There are 2 protein chains.
Amino acid sequence: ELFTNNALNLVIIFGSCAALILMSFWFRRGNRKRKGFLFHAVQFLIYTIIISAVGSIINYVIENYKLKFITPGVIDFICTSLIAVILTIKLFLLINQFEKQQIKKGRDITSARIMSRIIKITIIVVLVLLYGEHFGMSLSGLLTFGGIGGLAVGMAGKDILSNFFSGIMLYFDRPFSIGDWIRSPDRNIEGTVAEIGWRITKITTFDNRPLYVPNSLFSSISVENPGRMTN
Amino acid sequence: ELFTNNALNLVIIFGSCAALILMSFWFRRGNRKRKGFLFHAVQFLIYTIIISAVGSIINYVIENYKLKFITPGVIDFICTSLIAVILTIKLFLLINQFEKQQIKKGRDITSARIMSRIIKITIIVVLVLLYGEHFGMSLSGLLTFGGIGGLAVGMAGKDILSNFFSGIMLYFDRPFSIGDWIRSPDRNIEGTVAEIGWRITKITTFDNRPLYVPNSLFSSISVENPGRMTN
């Protein structure tokens, strides 16, 4: 209200004014006016700071002034819920722009819609699992639900992650190189190496055909390199 | 009661009136009068808000006025139980309409009833596991029960989830395309690619027969692409 109320409020509204000035500057985005990824992250961060400052202000108001019946528990529940809502809106907008980019690149409409919906459901589940205390339920129930889900996801996704880990290993310690003829007594991977990727290795066979070998195979089989022979 | 009681109640009945007005508007459902999925979700949410407001009102009444013998612990137990009951009713109605849609599409009636029952039992188990604190019991017992169930479910459902994860991988990084003749030295998948799905890939063999390859195979075998040969 007056100067006395501001003194009783310490310096909180000053933080809100500073955040408003920062948002006005970020409208020009400092060095270059644009948006994307980090812009939404910093906007969400400053919104969280503003909401926390407003919560502190209303808590001080209800403490020093008349208590009335506000029960600040629901006030922190409401501020957390608003933060969750704005985070969900930001994530939905981000995945919508991702779907727009995918459809611009040229892809099946139904497939892109289904993929967007998969990302939607995954985001909702993760946010429910993480935020499930300000409005959530049983600690045991959430722990069990998340444990079952995580066990299933970890068991099911082992092979793709294994391929990518072997790709990292190949990036750091690779027994062959591009253009080397390679072989294996365990599997049929014969040909000359054409490309080394993060998930698969592309090899040109001796009948001029591309062969795509998963990277994890190089972590469990013996690899011979006739391209480096001496005689 | 009178204006003094309303002042002692702060603003809670106003929230109930606002929720009633929102329900009246949702009867016309805003832009288009209809029902389904999100309609039941928002109805359940507003019912939960109304029940929480009523609980706050009765708590304030028993605090400021005569205490009598109400023991607000059973009052919060009752409100949580009512929320659970309305949630169960909504879910049962939703799966009943799902069964109606399935039977309309044309399917064995016994299989539809069995599937509906399965969904009923699964939803009952999940709700008991999640809400098992307001009328629930031992945290150790619930943790153990849910852990055993989740471990069994996660180990049992590994292959289907692996197929769908490999389908997502194929959607993002695919070594072949529609119409490509493909091969493998590890398994018999020879033919031309006709369809790429989320669970299986449909391939036309060279005797004009459809072959359905589970997607997870593409994450562990070497795939040759004679359709991209140069000579």
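All residue numbers given for chain A refer to Swiss-Prot; the residues shown span 4-234 in order.
How was it done? The header gives electron microscopy, 2.3 Å.
The backbone N, Cα and C atoms fix where each Cβ goes, and this holds for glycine too.
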Per Swiss-Prot, does A:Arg35 fall on the same side of the membrane as A:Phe72?
no
Could you tell me what the rest of the chain brings near the transmembrane segment (A:78-98), counting residues at least six beyond its ends with Cβ under 8 Å?
40, 43, 46-47, 50-51, 54-55, 57-58, 61-62, 119, 122-123, 126-127, 130, 134, 137-138
Within the same chain, where does the transmembrane segment (A:10-30) have neighbours whose Cβ lies under 8 angstroms from its own Cβ atoms, ignoring anything closer than 6 residues to its ends? I mean 6 or more beyond.
36, 42, 45-46, 49, 52-53, 56-57, 59-60, 63-64, 67
Give me the DSSP three-state residue breakdown of the topological domain 'Cytoplasmic' (A:31-40), ordered helix, strand, coil.
1 helix, 0 strand, 9 coil
